[PDB]
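The chain that follows stands alone, in the form deposited without ligand ADN, written as structure tokens.
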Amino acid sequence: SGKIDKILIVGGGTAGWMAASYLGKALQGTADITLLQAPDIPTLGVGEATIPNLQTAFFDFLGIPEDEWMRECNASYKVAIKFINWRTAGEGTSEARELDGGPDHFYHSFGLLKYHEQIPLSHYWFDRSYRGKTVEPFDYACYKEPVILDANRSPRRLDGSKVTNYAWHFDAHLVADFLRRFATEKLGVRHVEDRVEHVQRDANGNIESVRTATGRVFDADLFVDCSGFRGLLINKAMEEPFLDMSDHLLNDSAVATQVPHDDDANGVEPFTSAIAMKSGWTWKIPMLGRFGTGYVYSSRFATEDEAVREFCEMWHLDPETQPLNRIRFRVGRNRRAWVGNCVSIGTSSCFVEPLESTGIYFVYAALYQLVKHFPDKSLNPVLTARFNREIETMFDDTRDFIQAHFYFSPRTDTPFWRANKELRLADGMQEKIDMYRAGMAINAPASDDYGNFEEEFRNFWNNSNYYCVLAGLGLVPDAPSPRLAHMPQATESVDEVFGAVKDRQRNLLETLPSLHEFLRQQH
């Protein structure tokens, strides 16, 4: 026993330096931290989309202002994820097809859903919809974001004031470098360039040390595995098994690239695009002067060649000369994230396709859970088990949520879209759906007011999130919430709360600058 004196982080990508920075800040001056990383074959900056608490739960914790890291990571703004062509049949194209008089898209934005007499606006929307009182989509009726996003507006006025919740788009490599400099320079984290040659464990199954290719042996009390999909420590050394989640998620591959973009001519979209394809979907992450894009697909329904072709044709790129990143993912999670004195953080722990921008979130959320369940040398088993429970539900809930994007799509045009309907939802997901169909809110927020992590983490996917995606795809309740028939005054008075959103939509549309205009001035 005695406190943890030394920590060794293995792996130096985004997760590695995020861990180095978070732990370095949390245990400042009370633990010696070293990170081991060797040169990997370089990849293109295909983009990363994020969520609001990246600032409040991560950069704020580090004491780094939004403007400080944005400027050095050449970041752009994200207000939502625009889902394109998830309800219509056809080829993989960047242009939205037509559906019921308008483009086939729906937004899942960050804006929150206001209550009315203790009930989510979603329920009132559906009540009117079901009774043929409105035909307006859920997102446009309940959020002000869609209208201003259709016009590529900025989430901030030129004077800097914020009008909507938003997150970021950026090249992950730049953030990693920014953090590497911050950790080594400001937090005293020791960076060592070496390749793991051997991991020495003891009779208790814990890691004693790791010997590198140069012969240096690194011993520590706690080992953090940020080696990525390889899982050098957690899977390879500790032999912890990985749980393949292919019975819920068919997508396991990707071919991506970065495309130059003239922002002066076309402007910049304040949102991540999730473009439905024939055997998966494609992301478009707008940055400054370019956009990252990647086709996430299922190797079971498309060969790598076919994916490359579909992806390149969609963007009018030459398959033979376009610099491409061909990736095969390890989808799922370890049976246990933390075993013995080895904690896995990042993709070494778990991974799911970036359909809902959880990649970086999974890292700082887990780091928050590690510090909260921080052990000493006795390694109390309870801290470890509880940590694993939080990680396990964090992932499985996201897994379920994501599967629902595919399971509930109305498309039947390709073998892929049809196969998704043939998979089964996890029992916990089916219950949420049962609830949704019964007119109940799903994990409704206690308040309609991203500032407190514990609260966010505990209620990550809430009623708003589920309605955006579910209603967006077309899945709606079997009937209105029975409680509304007993609230005539409330259903009469909503007309003015739906009116407030319309006014906000109109006023923001006519007063906000374009995202490009705002970026152009800030620069």
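So that there is no doubt, residue numbering starts at 1 and follows the sequence shown.
The same protein has a further form, the form solved in complex with ligand ADN, not shown here; the description that follows concerns it.
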query: Result of superposing ligand ADN in the bound PDB entry onto shown chain, 2.4 Å backbone or C-beta criterion; finding: open
query: Options 127-135, 194-202, 423-431, 386-394; stretch whose heavy atom lies within 4.5 Å of ligand ADN in the bound PDB entry; finding: 194-202
query: Interface membership of residue 40, ligand ADN in the bound PDB entry, 4.5 Å heavy atom rule; finding: yes
query: Distance check, residue 62 to ligand ADN in the bound PDB entry, heavy atom within 4.5 Å; finding: no
query: 4.5 angstroms heavy atom contact with ligand ADN in the bound PDB entry for residue 226; finding: yes
query: 4.5 Å heavy atom contact, residue 513 and ligand ADN in the bound PDB entry; finding: no
query: Contacting member of 232, 444, 404, 308, with respect to ligand ADN in the bound PDB entry [4.5 Å, heavy atom]; finding: 232
query: Partner-contacting position among 473, 36, 31, 494 - heavy atom within 4.5 Å of ligand ADN in the bound PDB entry; finding: 36
query: Partner contacts for 1-35, taking ligand ADN in the bound PDB entry and a 4.5 Å heavy atom cut-off; finding: 10, 11, 12, 13
